[PDB]
Every structure is written in structure tokens, then in C-alpha cells.
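S.K.: The following block contains the structure, expressed as C-alpha cells.
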Amino acid sequence: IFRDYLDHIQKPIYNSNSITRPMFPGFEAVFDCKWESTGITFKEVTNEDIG
Amino acid sequence: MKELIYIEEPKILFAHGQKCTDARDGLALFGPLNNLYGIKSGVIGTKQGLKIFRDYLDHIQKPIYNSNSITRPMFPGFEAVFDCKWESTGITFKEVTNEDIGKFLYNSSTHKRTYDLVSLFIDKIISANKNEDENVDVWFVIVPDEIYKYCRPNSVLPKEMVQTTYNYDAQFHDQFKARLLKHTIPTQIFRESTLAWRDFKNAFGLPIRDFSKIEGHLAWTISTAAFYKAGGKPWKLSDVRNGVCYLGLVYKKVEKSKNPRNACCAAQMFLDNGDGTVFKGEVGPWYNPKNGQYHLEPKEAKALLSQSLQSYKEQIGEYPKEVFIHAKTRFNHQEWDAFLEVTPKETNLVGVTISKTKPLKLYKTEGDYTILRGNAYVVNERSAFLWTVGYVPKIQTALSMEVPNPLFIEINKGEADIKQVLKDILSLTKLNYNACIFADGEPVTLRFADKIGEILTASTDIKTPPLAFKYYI
Amino acid sequence: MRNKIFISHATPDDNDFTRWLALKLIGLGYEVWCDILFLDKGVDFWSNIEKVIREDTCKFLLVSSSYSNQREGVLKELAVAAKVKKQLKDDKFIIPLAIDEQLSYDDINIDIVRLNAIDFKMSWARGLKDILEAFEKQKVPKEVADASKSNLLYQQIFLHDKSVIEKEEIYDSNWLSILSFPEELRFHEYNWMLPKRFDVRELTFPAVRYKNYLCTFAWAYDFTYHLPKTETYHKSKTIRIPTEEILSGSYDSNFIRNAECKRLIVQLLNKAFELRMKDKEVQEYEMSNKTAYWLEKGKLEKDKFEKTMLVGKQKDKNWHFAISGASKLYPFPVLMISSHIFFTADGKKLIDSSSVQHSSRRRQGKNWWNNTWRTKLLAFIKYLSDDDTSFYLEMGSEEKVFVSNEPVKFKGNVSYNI
RNA sequence: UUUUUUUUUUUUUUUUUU
DNA sequence: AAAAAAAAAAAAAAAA
Ligand SMILES: Nc1ncnc2c1ncn2[C@@H]1O[C@H](COP(=O)(O)OP(=O)(O)OC[C@H]2O[C@H](O)[C@H](O)[C@@H]2O)[C@@H](O)[C@H]1O
């Protein structure tokens, strides 16, 4: 789900009403920075441990 | 009239899954394994030091040409070789005024002045880490050269220039990189001479450290070190077998406490699920009393081997099948007995000793060049001479400069295939992240282990040291 | 004119390899055209492809993989390449490239089945080099450009110019093999005949005190001068052991152990070799552990034995070559010889400044390669030699060991050239 | 301490013998 | 107070 959300925010997203809440044009579009889904350092936490 | 066998030169992995024997050339054309999108640089120092750093960085952004390219390849530039962005913009710079660094330096006690200099920089680094929004990947510390004359043991501060802690090592480098382990800050120290030396001149008028022909490798090894410390993987081995954990043990003396207490350090290298090579430290330093033992007590042996084994299980899951333990000193029976107890049934424990003291010097019949590196003379199934130091044709010169001395490898304990044992240490001679050289004279396990030993004996207040090499080398 | 190299490829997948190859070739001074890097956006792409292939494409390169074998666009541009090949009368116009290990030569496309393909599957360096031979041999135009980065990278590609070659070569070590030993090592029961508070180092011939016995390779009564009481010693008290068995390792008991009886031979050999230097009238410098032996200035005829110069001058500092010997028996019965350089102020008195000696040694050895160490070591061995093939180390009036004057020779199956 | 390597200095330890 | 066969910590220089 984190990867999916990062993929969504890679692309522009639109609010229901643009004049009220401006649409988000893309992470690199706004911050001019590279932050992709490739290269995430992952640390696993199994469900049995949190259970 | 004796036969010596040659073992194939190892090739190290690069980007796109392809292999290359040379490291500098391999990363020069093929690229590193992982992408460090940008390198956020932090520099602490004075005014006349930061300018030279900026000038050197600007120099190394552009390509630098070497005199004899067959001996030393072309340097295409940091961004060209590592496809990463690291420029003069974005440098978080911290001030060290000349008067302030002078007050502590002109001190009669070498230990006191060394501790004061270490604290002055370390407190500022800690403050920059904690109370500022900027994030710094690696912290370059630059120091002047009068500091470099008068900040280590046996340095007599001149009497005309004297103006005015004992539980710490009087070596600035070790103490500095030792007290910073609690904060996990990747750090790398510069001498100003290591920087753009042309400003520094001797009596004859030439620069004292003239690097006119060897600017290339200076850039090569500084850039590679910066890439490694920032979290990048320059290269990776290709012939690593599954289920093999190695460990490299070294012993170091401590002057702070009565009796050296012989602190031991280890460095691991093993494969992981997939192809990722796990090359970390094994730092649980087990202090060994008595002046000259160098043989470690059973309980510490049990603890070290276990802490290594869970250091494999937490990443791969199952028991190793063959362990090849390397060390500079010989293994006596009692420590091996403790090791065996911790060692599981299927695991094959191998204890290999390594030494350079053996006086063998093979002079070829004719030619102003040494024996070719990789040549191995097998004394017997247990012991052999392997020329890890010698000539390799690609670099056009020998890795040695005088006549080389081969490496004495004996399988002290276990059974081991001696040819396979020789087939693994020469691969370990390639993983030198601290220096961008074709190969190193000794295996990296026993070298990075030596470094982590030399860094941890400077401060006695270290608890749960980091096992990442970027904080050490 | 035609001065472009077109790289056809499967765009969805093979962009990485094609980008790398295009960057390498542009760096190598070769003009390169490809869709990813040189195609003009917002233009008729098929028309531009046709124009570049028909008009300016001097050489055609196809990246063939598991994808590119059945891609439509590569097939169309491949057919256009075949047509322009027929137009130009050039059989070397097209060079397909094999990228996928999984793409066997059996299933590759027919028009490139007929063509020979340059291999990229195993290494991307050999394949690029083979492209390089293909382009100079067919004379593909190349702009010199920077003329420094271009040729430097060209050399950097070929990592290949100097590789291991299978050729026999002999190697001469620094080891001297021990040709023979005395028949027995003797364990005399001197006891009270030998004074307890006496030193065996000044004795004529080597001897070590073990337990209450004197251990040596000499005859029982060879030490009458320093031990006058020993004139009435009984030879039936001798504990002779078959030395060859000790070398094999067969002999082991309560009286002596294999571990220590080999330590009792190397010490005797060490003392014998020390006495051998003393007999040859060579001078001594105390090293940290051992004591090295060098030759004076003028002792040799014009200070050079054989054809190599062994004593010389730099400025005021007179340099002398020296050798140190150490006896070990683990690999073979061996006397290893290590080389050293010493410096003097007048050719006779060694400089007492250790730092000066170390710096001087570094300055001299700055420019001595293999044929400066090996020849000098052998010349010193020949000087210490008593005959053409060996010398003798003496431990007794009639017992000696013959040490060959030639080093232990090895053989290498691999070699190289300048 | 950008490194590497070859040396030069000490010091120490073990096993045995008195 | 030795020996040989093993140990580390330091300094100097020149090479990659
Ligand atoms: N407006 C567009 N219409 C079609 N494709 C487009 C467009 N814009 C970009 N593309 C991209 O154009 C690509 C069409 O490629 P394909 O036919 O699917 O597979 P191949 O392996 O046989 O293409 C290989 C050659 O065809 C190429 O044109 C190049 O000229 C190649 O040399 C798609 O990735 C599209 O995303």
C-alpha cells in the first residue's frame, strides 16, 4: 500500500474542486526532487511479532 | 625444482549484472550497483581550508588526466563514474576559527591537546546533526598541517612555540572517529596536504607531496570513499558461494588500562538471499587479558561465534554449511573447542591462519619485473604460498614495488580444500572500499578488522558499537 | 554523406543497453542515431527513420533479444535496412547484436540468421571491442573530436591489451637447499666436564646445551681447547641418533621430541653459518633480531665480485650490500637469504643514526628492480661459495653440510611481456 | 589520516633446559 | 640471560 501510494503521488492527482483545494501536480513537479519507489530501504516486521 | 599452480583472477560485479576484474575501470564504464541520487556534503573547518576543498571538488568534477594511462586509467569524473550528483552547492559548512584551534594546539601535554582538538570538532558535528534541519550524508573533516605535525604520539611540540584526557589515544584520527560512534555520523578526515597540494611548498620549491602524476588515483580513491560512506555500493564479488560466512579476526593493544588487554575485532562477509553481498563488521570486542596471549578465552569465543551466527540467521534464516575463519595469529586448541561447541552439526568450521613473515622471494630468471600475482605454490594439503602481492598484467606494473613476499596460508583447523581456500582470499583482496586500487596485498577481512580494532582502542567508553563500515573507514 | 550509426532495438525494454552503447560510441567520436536519444520530438518519426536509414545511415546495428526478435518496428526498420543494403552493395552494413542468454542462435530471425552476430551475451566489453574492430576494418567514419577523451576511452576499452598468457617460465628463489647433513647428530654427556657457568657461543664449533647433554654435529673431543677437562671423556656415552630419521620425523621419544629436535638443528645451522661469516672475514651490522653481514670497501677487487658492483658511493654515503641467513626445515632443508643495504661515512664505520640509515636505504632502493636484487644476491652466494656448485658449513672437524650456490628453482606455467 | 607496499627499529609471548 | 619462532606499534619513504 505504501508503494501504491507513492506511485499515485508520482503522478498528478486532482481534488474534487480545483479552485478550493489546488490539485497536486506531481512530487518532482513541485519539489524538483527525485524520490521514487525504487531504492526504498525496507525493514520487515512480521505479523506474528506485532501480534 | 617445484611446481606452482596459478589461480584465476577474480572478477567483481558491477551495474547491469555484468562482471569485471578491474574495479576502477569497471566502475568507470559500467557504473555502480545502486543509485545515490544526491550526496549531501557537510564540511567543518576554517576559511583557508574550505576554499581548497571547493577548488579540489571543482577540479574533480572535470576529468583529470594521468601521465601514463596503462599504469593508471583515465578518470572520467565523479558524476560520470557514479552517475550521482555531488557539487560545491549544498555544503553545510561549520566554522573552526584559527585562534580557537591555536589555543588548544599550543599545549604542552600531547594527550590533552589531542583530546581538546577532538572535542572541539566533535561537539560542533553533534550540534550540526541535532539542532539543524539540514541533513548531511557524510561529514568531511579537514584539518591544517601543523595539527598533522603535532597531534599524535611521539610528537614533540617545539619549545619556542609551546604556549600552555590520558584515558584517550593521542592519535587524532582514531580518537575522533571513535567518540562519534554513538551518533552514527559518516565521517572522513582530510589533511590539507591531501588537498590541493600545490599551495604547500618545500625548501627546494617543489610541493612537498608532489602528486603531479598521481592526481588521478587521488581523485579515484577519495570519490570511491565518499560514495561508500554515503551508502553506495561500488562493486560486488561474483564468485561468492552460498552458505559461506568468513569472519576475519585481529588483536590490538590498548595502552589505557594496565596490561594491553588485547581487544579483538572481527569483520564478516557472506551471501544473502538473492545476490546481495553482506559485508559488515563483527564488532563485539572481546578483551583478552595478559600481555602477549593473542589466544582468546572460551566464553568470549562462544559469544563471538554465536553473535556471528545469529548475524547470519536474521538475514538468511538457516545454519551456515561451511565457515572459513581467517586471522593473523595461529589458533590453539582450547578456543577451537569452544568454537566447535557453538558450531552446529552441519556447519563445517575452518580455521585458517595468514602470515606475511615467511621469507620467500621468487626472483624470475630475467626481466626488470616481478612474478605475476596469482601464482600459488602448494607446500601440502594444509599449507601453501599464494602470491596475493605481485605483478598483474592489466595495471602494467606490479602491485609490489620491490620484490614481493607471498602470503603463507595454513588451514590450522578443519579440513578445507586448500585450492578452494586460495580461491577465496584472493577474491577478498578485491573488496577494498577505502581505496580505489586494483587489488590489496592482504584480504579485506583482516584489513577492515585491523581498522576497526585501531579505531575502538582509542575510546574505552564505547557501548554496542555500530557494525557498519562507513562509520569506521 | 553517410556518417551515422543507427541502433534498432525494442524500445519498451532494451532502452538501458542502447543508451549505454550510444553514450559510449558518442564518447568514442562516432556519430550515433537512436530514437531514445537523438529522435526529434513532435516530428514524423517513421518518415525520419526512413530518411536516416536510406540517406545517412552508414552502418546499421540491431540489438537482438527475446523481445526484439518479434517486435514489429524493428522488423520494418530491418527490412528497410536490407533494402538499403541491396542498394549500397555492402554486406557488412548490418551487424546484429545478441543480448539475451535465452535467445539461442536457433530461434533468431532469418535475415540475421544468415548474418554473423557479434556476441554481447557474456560481456558488454568484448562485444563493444568487437564493434570497434568491425568499424575500423570496414572503415566507419569517426570524428576525432576532443582527441584526448576519445583515444583515452578507446585505450581504456582494451583491460584486454595485457592478459595472462600460457608460457613456461622458471623462477629463482632466495632459498639455498641443503645438499647433505652429517650422518648423526651427537648428544654427548659432558656433564661436569663442561663448566656449568660457561657460554657455548664462543665455542669453536656449534653446540647447544639441552638438559645435561651437549648437542652438536662435531666429534666428542673437538672441543678440547676451550674444555680441557674433556680430554678424558668416554665416547660410549654418545647418544647418536640417525639424523635422516629426524628429517623424516620417524624418531620421537621421551629423550627428545620431534618438535624440539628440529629446533635443535636450525640453531646449530644458524651458529655454523654465523661462524662461516666470521671465517670469511665479513663485517656485521646488528639488525633488530638478526645480525646482517656486509663487505668492506676495497676488500673485493675494485669492490665488485663477478660482474656486479657490490660497494658504491652516493655523495658522502658509502653503500654496502648485505645478506642475512635463516635456517628452516619445514618446506625443505633450507637456508633462506634476505638482502639488505647499509650505509657508512668512510666505507668502514656504519652510521649510527638509524633514521639516516633507513632514509638512505630508501633513497638507494628507489630504483632497483628484480635484476638488481637477484644478481647481487647470487654474486654474494658465489663469493661465499667454496667451489663451483656449493660451499660447506662446518660443525665439526670432519662433519659438514654442503649448501648449493644456486637458488631453489620453481616453474611458472603463466608469464607475460613488457 | 587518499592509499598501497617494501623496509627499519624496539618490545613481547610461548614451549622447553639449567 | 640466553635461544628460535611468533607478536604488535611506530617512523620513513615512494609507489599507485
Ligand atoms: N504517439 C505514439 N504512437 C505510438 N507509439 C508511440 C507514440 N509516442 C510514443 N510512442 C512510443 O513508440 C513506441 C512504439 O514502439 P512499439 O511498436 O510499441 O514496439 P517496437 O519494439 O516494435 O518499436 C521499435 C521501434 O518503434 C519505435 O517508434 C521506435 O521508432 C523503435 O525503433 C512505444 O513505446 C510507444 O510508447
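Here, A, B, ... name the chains of the C-alpha cells in the order displayed, residue numbers run from 1 inside each chain, and ligands are numbered from 1 in the same displayed order.
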Can you check which residues of chain D have any atom within 8 Å of chain C? Use only C-alpha atoms (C1' of nucleotides) and format it as a PDB file with N, CA, C and O atoms (P, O5', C5', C4', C3', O3' and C1' of nucleotides), in the first residue's frame.

M.R.:
ATOM      1  P     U D   7      60.755  -6.611   2.670  1.00  0.00           P
ATOM      2  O5'   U D   7      62.053  -5.695   2.804  1.00  0.00           O
ATOM      3  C5'   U D   7      62.621  -5.402   4.073  1.00  0.00           C
ATOM      4  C4'   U D   7      62.960  -3.938   4.185  1.00  0.00           C
ATOM      5  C3'   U D   7      63.584  -3.482   5.493  1.00  0.00           C
ATOM      6  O3'   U D   7      64.970  -3.763   5.574  1.00  0.00           O
ATOM      7  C1'   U D   7      61.862  -1.987   4.880  1.00  0.00           C
ATOM      8  P     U D   8      65.579  -4.440   6.899  1.00  0.00           P
ATOM      9  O5'   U D   8      65.634  -3.246   7.951  1.00  0.00           O
ATOM     10  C5'   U D   8      66.403  -2.082   7.687  1.00  0.00           C
ATOM     11  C4'   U D   8      65.933  -0.905   8.504  1.00  0.00           C
ATOM     12  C3'   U D   8      66.137  -1.002  10.008  1.00  0.00           C
ATOM     13  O3'   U D   8      67.464  -0.692  10.400  1.00  0.00           O
ATOM     14  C1'   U D   8      63.946  -0.241   9.552  1.00  0.00           C
ATOM     15  P     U D   9      67.850  -0.531  11.954  1.00  0.00           P
ATOM     16  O5'   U D   9      66.832  -1.488  12.719  1.00  0.00           O
ATOM     17  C5'   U D   9      66.819  -1.552  14.137  1.00  0.00           C
ATOM     18  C4'   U D   9      65.852  -0.554  14.722  1.00  0.00           C
ATOM     19  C3'   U D   9      65.417  -0.798  16.157  1.00  0.00           C
ATOM     20  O3'   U D   9      66.374  -0.361  17.104  1.00  0.00           O
ATOM     21  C1'   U D   9      63.524  -0.297  14.832  1.00  0.00           C
ATOM     22  P     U D  10      67.147  -1.434  18.017  1.00  0.00           P
ATOM     23  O5'   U D  10      66.011  -2.477  18.414  1.00  0.00           O
ATOM     24  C5'   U D  10      65.721  -2.763  19.773  1.00  0.00           C
ATOM     25  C4'   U D  10      64.500  -2.013  20.244  1.00  0.00           C
ATOM     26  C3'   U D  10      63.679  -2.691  21.327  1.00  0.00           C
ATOM     27  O3'   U D  10      64.218  -2.520  22.626  1.00  0.00           O
ATOM     28  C1'   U D  10      62.240  -1.927  19.623  1.00  0.00           C
ATOM     29  P     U D  16      56.405 -27.654  27.910  1.00  0.00           P
ATOM     30  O5'   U D  16      57.755 -28.227  27.290  1.00  0.00           O
ATOM     31  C5'   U D  16      58.868 -28.523  28.121  1.00  0.00           C
ATOM     32  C4'   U D  16      60.171 -28.290  27.399  1.00  0.00           C
ATOM     33  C3'   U D  16      61.408 -28.221  28.278  1.00  0.00           C
ATOM     34  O3'   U D  16      61.905 -29.496  28.638  1.00  0.00           O
ATOM     35  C1'   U D  16      61.418 -26.404  26.773  1.00  0.00           C
ATOM     36  P     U D  17      62.376 -29.776  30.148  1.00  0.00           P
ATOM     37  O5'   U D  17      63.824 -29.117  30.225  1.00  0.00           O
ATOM     38  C5'   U D  17      64.890 -29.615  29.431  1.00  0.00           C
ATOM     39  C4'   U D  17      66.142 -28.796  29.607  1.00  0.00           C
ATOM     40  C3'   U D  17      66.499 -28.411  31.035  1.00  0.00           C
ATOM     41  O3'   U D  17      67.123 -29.458  31.757  1.00  0.00           O
ATOM     42  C1'   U D  17      66.709 -26.521  29.636  1.00  0.00           C
ATOM     43  P     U D  18      66.971 -29.533  33.354  1.00  0.00           P
ATOM     44  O5'   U D  18      67.998 -28.441  33.893  1.00  0.00           O
ATOM     45  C5'   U D  18      69.393 -28.581  33.666  1.00  0.00           C
ATOM     46  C4'   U D  18      70.144 -27.320  34.010  1.00  0.00           C
ATOM     47  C3'   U D  18      69.949 -26.787  35.421  1.00  0.00           C
ATOM     48  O3'   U D  18      70.743 -27.461  36.381  1.00  0.00           O
ATOM     49  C1'   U D  18      69.759 -25.012  33.869  1.00  0.00           C
TER      50        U D  18
END

S.K.: Show me, as a PDB file with C-alpha atoms (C1' of nucleotides), in the first residue's frame, the residues that have an atom within 10 Å of region 1-14 of chain E when counting only C-alpha atoms (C1' of nucleotides), minus same-chain residues fewer than 5 positions from it.

M.R.:
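Final file, part-v2.pdb:
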ATOM      1  CA  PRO B 153      52.201  10.113  19.956  1.00  0.00           C
ATOM      2  CA  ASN B 154      55.952  10.839  19.933  1.00  0.00           C
ATOM      3  CA  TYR B 251      44.018  -8.451  18.013  1.00  0.00           C
ATOM      4  CA  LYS B 252      45.067  -4.950  19.081  1.00  0.00           C
ATOM      5  CA  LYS B 253      46.839  -3.493  22.105  1.00  0.00           C
ATOM      6  CA  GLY B 292      51.034 -11.426  24.929  1.00  0.00           C
ATOM      7  CA  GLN B 293      48.414 -14.162  24.713  1.00  0.00           C
ATOM      8  CA  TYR B 294      46.593 -13.380  21.432  1.00  0.00           C
ATOM      9  CA  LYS B 328      46.707 -13.101  11.520  1.00  0.00           C
ATOM     10  CA  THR B 329      47.571 -15.245  14.574  1.00  0.00           C
ATOM     11  CA  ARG B 330      47.594 -19.017  14.974  1.00  0.00           C
ATOM     12  CA  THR B 357      56.581 -13.037   7.675  1.00  0.00           C
ATOM     13  CA  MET B 401      57.483  -2.143  -5.774  1.00  0.00           C
TER      14      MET B 401
ATOM     15  CA  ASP C 199      78.863 -19.913  27.227  1.00  0.00           C
ATOM     16  CA  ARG C 201      78.523 -19.183  21.788  1.00  0.00           C
ATOM     17  CA  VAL C 208      73.610 -26.291  22.297  1.00  0.00           C
ATOM     18  CA  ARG C 263      64.584 -26.582  16.732  1.00  0.00           C
ATOM     19  CA  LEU C 264      67.943 -28.043  17.820  1.00  0.00           C
ATOM     20  CA  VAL C 266      68.158 -24.967  12.921  1.00  0.00           C
ATOM     21  CA  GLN C 267      70.008 -23.326  15.828  1.00  0.00           C
ATOM     22  CA  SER C 355      66.838   7.252  10.690  1.00  0.00           C
ATOM     23  CA  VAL C 356      69.728   8.193   8.397  1.00  0.00           C
ATOM     24  CA  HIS C 358      66.590   3.941   6.787  1.00  0.00           C
ATOM     25  CA  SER C 359      66.276   7.077   4.642  1.00  0.00           C
ATOM     26  CA  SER C 360      69.496   6.227   2.784  1.00  0.00           C
ATOM     27  CA  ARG C 361      68.290   2.678   2.135  1.00  0.00           C
ATOM     28  CA  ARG C 362      65.031   4.042   0.756  1.00  0.00           C
ATOM     29  CA  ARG C 363      66.830   6.542  -1.487  1.00  0.00           C
ATOM     30  CA  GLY C 365      66.402   1.202  -3.340  1.00  0.00           C
ATOM     31  CA  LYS C 366      64.149   3.734  -5.069  1.00  0.00           C
ATOM     32  CA  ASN C 367      65.389   2.404  -8.430  1.00  0.00           C
TER      33      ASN C 367
ATOM     34  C1'   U D   5      53.786  -1.559  -0.319  1.00  0.00           C
ATOM     35  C1'   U D   6      58.687  -2.720   0.932  1.00  0.00           C
ATOM     36  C1'   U D   7      61.862  -1.987   4.880  1.00  0.00           C
ATOM     37  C1'   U D   8      63.946  -0.241   9.552  1.00  0.00           C
ATOM     38  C1'   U D   9      63.524  -0.297  14.832  1.00  0.00           C
ATOM     39  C1'   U D  10      62.240  -1.927  19.623  1.00  0.00           C
ATOM     40  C1'   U D  11      59.319  -4.656  22.748  1.00  0.00           C
ATOM     41  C1'   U D  12      56.826  -9.065  23.980  1.00  0.00           C
ATOM     42  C1'   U D  13      54.994 -14.032  24.373  1.00  0.00           C
ATOM     43  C1'   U D  14      55.084 -19.414  24.403  1.00  0.00           C
TER      44        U D  14
END

S.K.: Identify which of the residues C:194, C:393, C:179, C:61 lies closest to ligand 1, counting only C-alpha atoms and all ligand atoms when measuring atom-to-atom distances.

M.R.: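 Distance minimum relative to ligand 1 lands on C:61.
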
S.K.: Pick the closest to chain A from B:125, B:307, B:113, B:314: which is it, counting only C-alpha atoms?

M.R.: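 Closest to chain A, using only C-alpha atoms: B:314.
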
S.K.: Write out as a compact mmCIF listing (two decimals) with N, CA and C atoms, in the first residue's frame each polymer residue (protein, DNA or RNA) that has an atom no more than 12 Å from ligand 1, with only C-alpha atoms (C1' of nucleotides) and all ligand atoms counted.

M.R.:
# COMPACT_ATOMS: atom_id res chain seq x y z
N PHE C 6 22.96 3.65 -36.83
CA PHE C 6 21.59 3.52 -36.33
C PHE C 6 21.50 2.28 -35.45
N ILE C 7 20.94 2.44 -34.25
CA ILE C 7 20.77 1.31 -33.34
C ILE C 7 19.29 0.97 -33.22
N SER C 8 18.83 0.01 -34.02
CA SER C 8 17.47 -0.50 -33.86
C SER C 8 17.39 -1.34 -32.59
N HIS C 9 16.22 -1.32 -31.95
CA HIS C 9 16.05 -2.01 -30.67
C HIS C 9 14.59 -1.99 -30.27
N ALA C 10 14.26 -2.84 -29.30
CA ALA C 10 12.93 -2.86 -28.71
C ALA C 10 12.85 -1.76 -27.66
N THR C 11 12.11 -0.70 -27.98
CA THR C 11 12.03 0.45 -27.07
C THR C 11 11.47 0.12 -25.69
N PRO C 12 10.40 -0.67 -25.53
CA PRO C 12 9.85 -0.86 -24.17
C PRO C 12 10.84 -1.44 -23.17
N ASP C 13 11.79 -2.25 -23.62
CA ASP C 13 12.67 -2.97 -22.70
C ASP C 13 14.14 -2.57 -22.84
N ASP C 14 14.69 -2.59 -24.05
CA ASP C 14 16.13 -2.51 -24.23
C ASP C 14 16.68 -1.10 -24.17
N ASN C 15 15.99 -0.12 -23.58
CA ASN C 15 16.48 1.26 -23.61
C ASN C 15 17.82 1.40 -22.89
N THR C 18 20.92 0.20 -25.02
CA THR C 18 21.08 1.08 -26.18
C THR C 18 21.59 2.45 -25.76
N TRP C 33 22.80 7.64 -34.03
CA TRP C 33 21.38 7.96 -34.10
C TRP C 33 20.57 6.85 -33.45
N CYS C 34 19.65 7.25 -32.58
CA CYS C 34 18.72 6.32 -31.95
C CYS C 34 17.48 7.06 -31.48
N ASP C 35 16.36 6.35 -31.33
CA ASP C 35 15.10 7.01 -31.01
C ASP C 35 15.13 7.64 -29.63
N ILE C 36 15.75 6.98 -28.66
CA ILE C 36 15.73 7.42 -27.27
C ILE C 36 16.49 8.73 -27.11
N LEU C 37 17.58 8.90 -27.85
CA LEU C 37 18.49 9.99 -27.54
C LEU C 37 18.57 11.05 -28.63
N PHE C 38 18.33 10.67 -29.89
CA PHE C 38 18.51 11.60 -31.00
C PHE C 38 17.25 11.84 -31.81
N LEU C 39 16.17 11.10 -31.58
CA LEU C 39 14.94 11.36 -32.30
C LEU C 39 14.37 12.72 -31.89
N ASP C 40 13.97 13.50 -32.89
CA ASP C 40 13.37 14.80 -32.65
C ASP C 40 11.90 14.63 -32.32
N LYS C 41 11.50 15.18 -31.18
CA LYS C 41 10.13 15.01 -30.70
C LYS C 41 9.17 15.91 -31.47
N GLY C 42 7.92 15.47 -31.55
CA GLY C 42 6.92 16.21 -32.31
C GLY C 42 7.20 16.24 -33.79
N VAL C 43 7.76 15.16 -34.32
CA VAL C 43 8.12 15.05 -35.73
C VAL C 43 7.59 13.71 -36.24
N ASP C 44 7.45 13.61 -37.56
CA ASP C 44 7.06 12.36 -38.19
C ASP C 44 8.18 11.36 -37.95
N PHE C 45 7.96 10.44 -37.02
CA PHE C 45 9.05 9.57 -36.58
C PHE C 45 9.35 8.50 -37.62
N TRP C 46 8.32 7.93 -38.24
CA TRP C 46 8.56 6.94 -39.29
C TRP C 46 9.25 7.57 -40.49
N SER C 47 8.83 8.78 -40.88
CA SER C 47 9.47 9.46 -42.00
C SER C 47 10.92 9.78 -41.69
N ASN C 48 11.20 10.23 -40.47
CA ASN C 48 12.58 10.50 -40.08
C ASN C 48 13.41 9.22 -40.07
N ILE C 49 12.82 8.12 -39.60
CA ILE C 49 13.52 6.83 -39.61
C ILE C 49 13.86 6.44 -41.04
N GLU C 50 12.89 6.55 -41.95
CA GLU C 50 13.15 6.24 -43.35
C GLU C 50 14.26 7.12 -43.91
N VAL C 52 16.72 8.72 -42.37
CA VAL C 52 18.05 8.48 -41.81
C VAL C 52 18.60 7.13 -42.27
N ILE C 53 17.74 6.11 -42.37
CA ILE C 53 18.22 4.81 -42.83
C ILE C 53 18.62 4.87 -44.29
N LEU C 61 23.05 -1.20 -36.76
CA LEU C 61 23.26 -2.06 -35.59
C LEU C 61 21.90 -2.45 -35.04
N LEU C 62 21.65 -3.75 -34.91
CA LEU C 62 20.41 -4.25 -34.36
C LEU C 62 20.70 -4.91 -33.01
N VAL C 63 19.98 -4.49 -31.98
CA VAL C 63 20.05 -5.13 -30.67
C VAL C 63 19.01 -6.24 -30.64
N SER C 64 19.46 -7.48 -30.71
CA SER C 64 18.57 -8.63 -30.80
C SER C 64 18.45 -9.29 -29.43
N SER C 65 17.22 -9.44 -28.96
CA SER C 65 16.94 -10.09 -27.69
C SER C 65 15.67 -10.90 -27.83
N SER C 66 15.21 -11.45 -26.70
CA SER C 66 13.95 -12.19 -26.70
C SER C 66 12.77 -11.32 -27.10
N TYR C 67 12.87 -10.01 -26.88
CA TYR C 67 11.80 -9.10 -27.29
C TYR C 67 11.98 -8.66 -28.74
N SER C 68 13.20 -8.25 -29.10
CA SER C 68 13.43 -7.64 -30.41
C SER C 68 13.27 -8.62 -31.56
N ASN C 69 13.15 -9.92 -31.27
CA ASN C 69 13.01 -10.89 -32.35
C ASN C 69 11.64 -10.80 -33.00
N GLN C 70 10.60 -10.47 -32.23
CA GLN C 70 9.23 -10.42 -32.74
C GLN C 70 8.62 -9.02 -32.68
N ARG C 71 9.41 -7.97 -32.47
CA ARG C 71 8.85 -6.63 -32.46
C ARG C 71 8.60 -6.15 -33.88
N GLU C 72 7.47 -5.47 -34.08
CA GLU C 72 7.09 -5.05 -35.43
C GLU C 72 7.99 -3.94 -35.95
N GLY C 73 8.23 -2.92 -35.13
CA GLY C 73 9.01 -1.78 -35.59
C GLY C 73 10.42 -2.16 -36.00
N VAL C 74 11.05 -3.03 -35.21
CA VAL C 74 12.39 -3.48 -35.56
C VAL C 74 12.35 -4.28 -36.85
N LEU C 75 11.28 -5.04 -37.08
CA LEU C 75 11.15 -5.77 -38.34
C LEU C 75 11.04 -4.83 -39.52
N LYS C 76 10.23 -3.78 -39.40
CA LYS C 76 10.09 -2.82 -40.50
C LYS C 76 11.41 -2.12 -40.79
N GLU C 77 12.07 -1.59 -39.76
CA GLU C 77 13.33 -0.89 -39.99
C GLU C 77 14.42 -1.86 -40.44
N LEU C 78 14.31 -3.12 -40.04
CA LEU C 78 15.22 -4.16 -40.52
C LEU C 78 15.04 -4.41 -42.00
